[PDB]
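Peer 1:
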Amino acid sequence: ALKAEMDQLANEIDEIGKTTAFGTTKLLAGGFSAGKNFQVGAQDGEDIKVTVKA
Amino acid sequence: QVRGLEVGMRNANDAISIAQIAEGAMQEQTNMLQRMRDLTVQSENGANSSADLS
């Protein structure tokens with residue numbers, strides 16, 4: 016009984032891992048493992064990198 | 886001399902007209918280039934997808 020509940024909790028951890036999105040792009044699956052840049056200034060090269068691992 | 890100066894002022898006003906038309910045309914070109922600059926800065930956003938880029 017204890018282990019059956021452990022398995023259900025691990026399944027929900029996996030579901031949250033694969034389901035989280037910004038619209039249609041996945042966030043916790045490994046697509047941001049090497050970060051993406053957002054240009055936060057007016058000139059080229061003035062930008063910040065956002066990194067999320069799986 | 887008097888008659889030639891009269892005709893010469895007419896030619897000078899013709900030149901001013903030409904320059905004024907061309908100079909006024911270049912302003913809309915500047916305006917559209919500023920708009921394209923904003924679109925290019927907006928393309929540098931790690932939340933855009935291929936449809937937004939298109």
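Same order as they appear, the protein sequences are chains A and B. With the numbering used here applied, the first sequence corresponds to residues 16 to 69, in that order. With the numbering used here applied, the second sequence corresponds to residues 886 to 939, in that order. We treat Cβ as the ideally placed atom computed from N, Cα and C, and that holds for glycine.
Which same chain residues, not among the five before or five after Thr-40 of chain A, have their C-beta less than 6 Å away from its C-beta?
Peer 2: The count along the first sequence starts at 1 and reaches residue 40 of chain A at position 25. Excluding sequence neighbours, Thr-40 of chain A sits near nothing in its chain.
Peer 1: Name the chain A residues that come within less than 7 Å of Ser-939 of chain B, Cβ to Cβ?
Peer 2: As a working mapping, residue 939 of chain B is identified with position 54 in the second sequence. In chain order: nothing, as chain A lies at least about 15 Å away.
Peer 1: Are the C-beta atoms of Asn-930 of chain B and some chain A residue less than 8 Å apart?
Peer 2: As a first step, residue 930 of chain B must be located in the second sequence, where it is residue number 45. Yes, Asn-930 of chain B counts as interfacial toward chain A.
Peer 1: Taking the beta strand (DSSP E) that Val-67 of chain A belongs to, which residues open and close that run?
Peer 2: As a first step, residue 67 of chain A must be located in the first sequence, where it is residue number 52. Looking at the DSSP string, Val-67 of chain A is not in any beta strand (DSSP E), and its letter there is neither H nor E.
Peer 1: Counting only beta-carbon separations shorter than 8 Å, does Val-887 of chain B have a partner in chain A?
Peer 2: Counting from 1 along the second sequence, the entry for residue 887 of chain B is found at position 2. It does not; no Cβ of chain A falls within 8 Å.
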